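Visitor: Following this message is one structure expressed as structure tokens.
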Amino acid sequence: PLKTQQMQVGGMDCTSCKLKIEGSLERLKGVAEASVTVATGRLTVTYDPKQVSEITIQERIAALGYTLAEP
């Protein structure tokens with residue numbers, strides 16, 4: 001019922017950066033799964049297309065000074 005998706009990413013480290021994505025999204029809306037692929041500069045999400053979707057990750061990546069490219 002929620003669709004799974006991965007983007008490309010401009011600067012997600014692990015050490016203090018995987019965290020700074022993932023544990024905001026839980027407190028965000030419209031997304032209900034996620035996980036990083038730092039080993040390719042990528043982020044995976046699974047989102048429920050009822051309200052907010054890519055937005056959730058745009059707010060979150062831009063609120064850290066980084067760039068995203070979701071297909």
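Order determines the names: the first chain of the structure tokens is A, the second B, and so forth; residues in each chain are numbered 1 upward, and ligands are numbered 1 upward as they are shown.
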List as a ChimeraX atom specification the protein and nucleic acid residues near residue 42 in chain A, meaning an atom at most 8 Å away when only C-alpha atoms are counted, but skip any in the same chain fewer than 2 places from it.
Guide: /A:6-9,12,36-40,44
Visitor: Only C-alpha atoms, please: the residues just picked out, written as a PDB file, in the first residue's frame.
Guide:
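As written to disk, selection20.pdb reads:
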```pdb
ATOM      1  CA  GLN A   6      15.598   4.872  -3.646  1.00  0.00           C
ATOM      2  CA  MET A   7      17.276   8.240  -4.466  1.00  0.00           C
ATOM      3  CA  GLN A   8      20.865   9.393  -5.058  1.00  0.00           C
ATOM      4  CA  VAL A   9      22.429  11.661  -2.388  1.00  0.00           C
ATOM      5  CA  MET A  12      25.246  11.245   3.622  1.00  0.00           C
ATOM      6  CA  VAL A  36      20.212   4.283   3.963  1.00  0.00           C
ATOM      7  CA  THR A  37      22.536   2.906   1.225  1.00  0.00           C
ATOM      8  CA  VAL A  38      25.547   5.113   2.159  1.00  0.00           C
ATOM      9  CA  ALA A  39      27.716   2.594   0.192  1.00  0.00           C
ATOM     10  CA  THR A  40      26.420   4.236  -3.087  1.00  0.00           C
ATOM     11  CA  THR A  44      15.760   4.107   0.393  1.00  0.00           C
TER      12      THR A  44
END
```
Visitor: Skipping near chain neighbours, those fewer than 2 positions away, what residues fall within 10 Å of range 46-60 of chain A using only C-alpha atoms, listed as an MDAnalysis selection string?
Guide: chainID A and resid 1:7 20:25 28:35 43:44 62:71
Visitor: Could you take the residues named above and write them with N, CA and C atoms, as a short mmCIF file (atom, residue, chain, number, x, y, z; two decimals), in the first residue's frame?
Guide:
```cif
data_model
loop_
_atom_site.label_atom_id
_atom_site.label_comp_id
_atom_site.auth_asym_id
_atom_site.auth_seq_id
_atom_site.Cartn_x
_atom_site.Cartn_y
_atom_site.Cartn_z
N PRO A 1 0.82 -1.21 0.00
CA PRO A 1 0.00 0.00 0.00
C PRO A 1 0.86 1.27 0.00
N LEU A 2 2.03 1.24 0.65
CA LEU A 2 3.10 2.21 0.49
C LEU A 2 4.13 1.69 -0.52
N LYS A 3 4.61 2.58 -1.39
CA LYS A 3 5.57 2.28 -2.46
C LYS A 3 7.01 2.52 -2.04
N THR A 4 7.89 1.61 -2.46
CA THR A 4 9.33 1.67 -2.13
C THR A 4 10.11 2.29 -3.28
N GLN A 5 11.17 3.00 -2.91
CA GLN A 5 11.87 3.99 -3.72
C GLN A 5 13.28 4.19 -3.15
N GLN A 6 14.28 4.39 -4.01
CA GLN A 6 15.60 4.87 -3.65
C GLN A 6 16.06 6.06 -4.50
N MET A 7 16.65 7.06 -3.84
CA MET A 7 17.28 8.24 -4.47
C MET A 7 18.80 8.17 -4.45
N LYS A 20 20.88 11.29 10.97
CA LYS A 20 20.25 12.60 10.84
C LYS A 20 19.14 12.64 9.78
N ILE A 21 19.15 11.70 8.83
CA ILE A 21 18.00 11.39 7.97
C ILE A 21 16.98 10.57 8.76
N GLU A 22 17.31 9.31 9.03
CA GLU A 22 16.36 8.24 9.31
C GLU A 22 15.49 8.58 10.53
N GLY A 23 16.10 9.03 11.63
CA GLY A 23 15.37 9.35 12.87
C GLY A 23 14.73 10.73 12.89
N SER A 24 14.70 11.44 11.76
CA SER A 24 13.71 12.50 11.59
C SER A 24 12.43 11.95 10.95
N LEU A 25 12.54 11.19 9.85
CA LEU A 25 11.43 10.62 9.08
C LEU A 25 10.40 9.86 9.92
N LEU A 28 8.32 12.40 11.08
CA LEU A 28 7.62 12.96 9.94
C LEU A 28 6.39 12.11 9.59
N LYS A 29 5.67 12.54 8.56
CA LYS A 29 4.39 11.97 8.15
C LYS A 29 4.53 11.36 6.74
N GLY A 30 3.61 10.50 6.30
CA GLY A 30 3.47 10.07 4.90
C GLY A 30 4.43 8.98 4.47
N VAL A 31 5.62 8.97 5.05
CA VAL A 31 6.58 7.86 4.99
C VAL A 31 6.39 6.95 6.22
N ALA A 32 6.57 5.64 6.05
CA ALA A 32 6.40 4.65 7.12
C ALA A 32 7.46 3.54 7.16
N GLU A 33 8.31 3.41 6.13
CA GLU A 33 9.59 2.70 6.21
C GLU A 33 10.70 3.59 5.65
N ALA A 34 11.95 3.30 6.01
CA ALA A 34 13.11 3.82 5.30
C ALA A 34 14.38 2.99 5.59
N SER A 35 15.49 3.26 4.90
CA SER A 35 16.87 2.83 5.25
C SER A 35 17.93 3.42 4.30
N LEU A 43 19.63 6.83 -0.60
CA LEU A 43 18.65 6.64 0.49
C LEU A 43 17.45 5.88 -0.04
N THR A 44 17.00 4.84 0.67
CA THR A 44 15.76 4.11 0.39
C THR A 44 14.68 4.58 1.35
N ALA A 62 17.38 18.73 2.82
CA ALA A 62 17.67 20.17 2.75
C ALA A 62 17.86 20.81 4.13
N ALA A 63 17.13 20.37 5.17
CA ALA A 63 17.32 20.82 6.56
C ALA A 63 18.66 20.40 7.19
N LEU A 64 19.53 19.70 6.45
CA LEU A 64 20.89 19.35 6.86
C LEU A 64 21.96 19.98 5.96
N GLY A 65 21.58 20.75 4.93
CA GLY A 65 22.50 21.39 3.98
C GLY A 65 22.93 20.51 2.80
N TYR A 66 22.33 19.32 2.64
CA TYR A 66 22.67 18.37 1.58
C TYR A 66 21.70 18.42 0.39
N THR A 67 22.06 17.70 -0.68
CA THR A 67 21.34 17.56 -1.94
C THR A 67 20.84 16.13 -2.13
N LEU A 68 19.75 15.99 -2.88
CA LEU A 68 19.08 14.73 -3.21
C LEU A 68 18.70 14.67 -4.70
N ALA A 69 18.58 13.45 -5.23
CA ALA A 69 18.06 13.18 -6.57
C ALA A 69 17.19 11.92 -6.56
N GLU A 70 15.91 12.06 -6.19
CA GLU A 70 14.94 10.97 -6.24
C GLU A 70 14.40 10.79 -7.67
N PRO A 71 14.44 9.57 -8.23
CA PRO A 71 13.79 9.25 -9.49
C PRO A 71 12.29 9.04 -9.26
#
```
Visitor: Report the residues of chain A whose backbone DSSP state falls under strand (DSSP E), written as a ChimeraX atom specification.
Guide: /A:3-9,31-37,42-47,68-69
Visitor: Would you save the residues of that selection, restricted to N, CA, C and O atoms, as a PDB file, in the first residue's frame?
Guide:
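The new file part_38.pdb reads:
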```
ATOM      1  N   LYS A   3       4.612   2.581  -1.390  1.00  0.00           N
ATOM      2  CA  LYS A   3       5.567   2.285  -2.455  1.00  0.00           C
ATOM      3  C   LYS A   3       7.015   2.523  -2.045  1.00  0.00           C
ATOM      4  O   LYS A   3       7.326   3.533  -1.419  1.00  0.00           O
ATOM      5  N   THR A   4       7.892   1.607  -2.460  1.00  0.00           N
ATOM      6  CA  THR A   4       9.328   1.666  -2.133  1.00  0.00           C
ATOM      7  C   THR A   4      10.110   2.291  -3.277  1.00  0.00           C
ATOM      8  O   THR A   4       9.735   2.162  -4.440  1.00  0.00           O
ATOM      9  N   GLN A   5      11.166   3.002  -2.908  1.00  0.00           N
ATOM     10  CA  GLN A   5      11.866   3.990  -3.720  1.00  0.00           C
ATOM     11  C   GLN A   5      13.278   4.193  -3.153  1.00  0.00           C
ATOM     12  O   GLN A   5      13.451   4.219  -1.933  1.00  0.00           O
ATOM     13  N   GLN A   6      14.284   4.394  -4.015  1.00  0.00           N
ATOM     14  CA  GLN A   6      15.598   4.872  -3.646  1.00  0.00           C
ATOM     15  C   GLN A   6      16.061   6.064  -4.499  1.00  0.00           C
ATOM     16  O   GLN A   6      15.941   6.062  -5.722  1.00  0.00           O
ATOM     17  N   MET A   7      16.655   7.064  -3.843  1.00  0.00           N
ATOM     18  CA  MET A   7      17.276   8.240  -4.466  1.00  0.00           C
ATOM     19  C   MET A   7      18.804   8.171  -4.454  1.00  0.00           C
ATOM     20  O   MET A   7      19.394   7.367  -3.731  1.00  0.00           O
ATOM     21  N   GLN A   8      19.441   9.085  -5.187  1.00  0.00           N
ATOM     22  CA  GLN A   8      20.865   9.393  -5.058  1.00  0.00           C
ATOM     23  C   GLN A   8      21.058  10.651  -4.193  1.00  0.00           C
ATOM     24  O   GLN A   8      20.139  11.455  -4.050  1.00  0.00           O
ATOM     25  N   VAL A   9      22.220  10.785  -3.550  1.00  0.00           N
ATOM     26  CA  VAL A   9      22.429  11.661  -2.388  1.00  0.00           C
ATOM     27  C   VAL A   9      23.825  12.280  -2.445  1.00  0.00           C
ATOM     28  O   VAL A   9      24.785  11.611  -2.822  1.00  0.00           O
ATOM     29  N   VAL A  31       5.621   8.969   5.054  1.00  0.00           N
ATOM     30  CA  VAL A  31       6.580   7.857   4.993  1.00  0.00           C
ATOM     31  C   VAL A  31       6.395   6.952   6.219  1.00  0.00           C
ATOM     32  O   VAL A  31       6.072   7.445   7.301  1.00  0.00           O
ATOM     33  N   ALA A  32       6.570   5.638   6.045  1.00  0.00           N
ATOM     34  CA  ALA A  32       6.397   4.653   7.125  1.00  0.00           C
ATOM     35  C   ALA A  32       7.462   3.539   7.157  1.00  0.00           C
ATOM     36  O   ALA A  32       7.540   2.832   8.160  1.00  0.00           O
ATOM     37  N   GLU A  33       8.312   3.413   6.132  1.00  0.00           N
ATOM     38  CA  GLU A  33       9.592   2.700   6.207  1.00  0.00           C
ATOM     39  C   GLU A  33      10.701   3.592   5.646  1.00  0.00           C
ATOM     40  O   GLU A  33      10.450   4.445   4.794  1.00  0.00           O
ATOM     41  N   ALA A  34      11.948   3.303   6.009  1.00  0.00           N
ATOM     42  CA  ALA A  34      13.114   3.824   5.298  1.00  0.00           C
ATOM     43  C   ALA A  34      14.381   2.990   5.594  1.00  0.00           C
ATOM     44  O   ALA A  34      14.371   2.154   6.498  1.00  0.00           O
ATOM     45  N   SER A  35      15.494   3.262   4.902  1.00  0.00           N
ATOM     46  CA  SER A  35      16.868   2.833   5.252  1.00  0.00           C
ATOM     47  C   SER A  35      17.934   3.417   4.304  1.00  0.00           C
ATOM     48  O   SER A  35      17.737   3.496   3.093  1.00  0.00           O
ATOM     49  N   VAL A  36      19.113   3.780   4.818  1.00  0.00           N
ATOM     50  CA  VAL A  36      20.212   4.283   3.963  1.00  0.00           C
ATOM     51  C   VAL A  36      20.948   3.193   3.162  1.00  0.00           C
ATOM     52  O   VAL A  36      21.140   2.074   3.638  1.00  0.00           O
ATOM     53  N   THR A  37      21.496   3.603   2.005  1.00  0.00           N
ATOM     54  CA  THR A  37      22.536   2.906   1.225  1.00  0.00           C
ATOM     55  C   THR A  37      23.691   3.887   1.002  1.00  0.00           C
ATOM     56  O   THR A  37      23.970   4.353  -0.103  1.00  0.00           O
ATOM     57  N   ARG A  42      23.157   6.812  -1.546  1.00  0.00           N
ATOM     58  CA  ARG A  42      21.733   6.599  -1.813  1.00  0.00           C
ATOM     59  C   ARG A  42      20.914   6.479  -0.522  1.00  0.00           C
ATOM     60  O   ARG A  42      21.411   6.040   0.517  1.00  0.00           O
ATOM     61  N   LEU A  43      19.628   6.825  -0.599  1.00  0.00           N
ATOM     62  CA  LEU A  43      18.652   6.643   0.485  1.00  0.00           C
ATOM     63  C   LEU A  43      17.446   5.878  -0.044  1.00  0.00           C
ATOM     64  O   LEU A  43      16.923   6.262  -1.090  1.00  0.00           O
ATOM     65  N   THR A  44      17.003   4.837   0.669  1.00  0.00           N
ATOM     66  CA  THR A  44      15.760   4.107   0.393  1.00  0.00           C
ATOM     67  C   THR A  44      14.676   4.584   1.349  1.00  0.00           C
ATOM     68  O   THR A  44      14.926   4.770   2.539  1.00  0.00           O
ATOM     69  N   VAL A  45      13.462   4.739   0.835  1.00  0.00           N
ATOM     70  CA  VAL A  45      12.239   4.962   1.618  1.00  0.00           C
ATOM     71  C   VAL A  45      11.127   4.039   1.134  1.00  0.00           C
ATOM     72  O   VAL A  45      11.129   3.640  -0.034  1.00  0.00           O
ATOM     73  N   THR A  46      10.149   3.772   2.003  1.00  0.00           N
ATOM     74  CA  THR A  46       8.807   3.351   1.541  1.00  0.00           C
ATOM     75  C   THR A  46       7.725   4.299   2.056  1.00  0.00           C
ATOM     76  O   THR A  46       7.535   4.450   3.268  1.00  0.00           O
ATOM     77  N   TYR A  47       7.010   4.929   1.116  1.00  0.00           N
ATOM     78  CA  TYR A  47       6.034   6.001   1.375  1.00  0.00           C
ATOM     79  C   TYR A  47       4.570   5.711   0.967  1.00  0.00           C
ATOM     80  O   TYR A  47       4.262   5.113  -0.065  1.00  0.00           O
ATOM     81  N   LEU A  68      19.748  15.992  -2.880  1.00  0.00           N
ATOM     82  CA  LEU A  68      19.077  14.731  -3.213  1.00  0.00           C
ATOM     83  C   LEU A  68      18.696  14.667  -4.698  1.00  0.00           C
ATOM     84  O   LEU A  68      18.440  15.695  -5.325  1.00  0.00           O
ATOM     85  N   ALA A  69      18.583  13.454  -5.234  1.00  0.00           N
ATOM     86  CA  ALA A  69      18.061  13.184  -6.571  1.00  0.00           C
ATOM     87  C   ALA A  69      17.189  11.916  -6.556  1.00  0.00           C
ATOM     88  O   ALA A  69      17.670  10.809  -6.812  1.00  0.00           O
TER      89      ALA A  69
END
```
